[PDB]
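Engineer: this one is an experimental structure. Sequence first:
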Amino acid sequence: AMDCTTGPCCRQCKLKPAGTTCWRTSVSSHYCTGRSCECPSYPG
């Protein structure tokens with residue numbers, strides 16, 4: 001509607017749906033909670 005929420009976990013101009021990975025490294029692997037564009041600091 002208004003807040004497009006730009007960033008890594010964002011659907012172009014909206015909040016990316018929960019489940020979208022945004023923190024997977026050699027010793028990391030998390031997912032999005034479809035609540036915010038920023039990746040959470042906890043595993044799925």
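Structural biologist: Received, thanks. Residues are numbered from 1 along each chain as shown.

Engineer: who's in contact with the residue nearest to residue 21 when sequence neighbours are not counted?
Structural biologist: Spatial nearest neighbour of residue 21, chain neighbours left out: residue 31 (5.3 Å); criterion: CB to CB, 6 or more residues apart in numbering. Using the backbone N, CA and C atoms, a C-beta is placed for each residue, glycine as well. By CB atoms under 8 Å, 6 or more residues apart in numbering, the contact set of residue 31 is 18-23, 44.

Engineer: need the residues you listed in CSV (columns: neighbour count).
Structural biologist: Putting these into CSV (neighbours: other CB atoms under 10 Å) gives the following:
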residue, neighbour count
18, 12
19, 10
20, 17
21, 13
22, 16
23, 17
44, 11
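
Engineer: list just the nearest of the residues you listed to residue 37.
Structural biologist: residue 22 (8.7 Å; CB to CB).

Engineer: before we move on, back to that, greatest separation within the contacts of residue 31: which pair is it?
Structural biologist: By the measure CB to CB, 18 and 23 form the most distant pair in those, at 13.8 Å.

Engineer: burial of residue 12, as a residue count?
Structural biologist: 7 (other CB atoms under 10 Å).

Engineer: how is it assigned, secondary-structure-wise?
Structural biologist: Counting by DSSP: H, G, I helix; E, B strand; the rest coil, the backbone at residue 12 sits in coil.

Engineer: tell me the phi and psi of it?
Structural biologist: phi 70, psi -70 (degrees, to the nearest 10).

Engineer: for residue 43, see how far away it is.
Structural biologist: Using CB to CB, to the nearest Å, residue 12 is found at 26 Å from residue 43.

Engineer: again, but for residue 16
Structural biologist: From residue 16 to residue 43 the distance is 18 Å (CB to CB).
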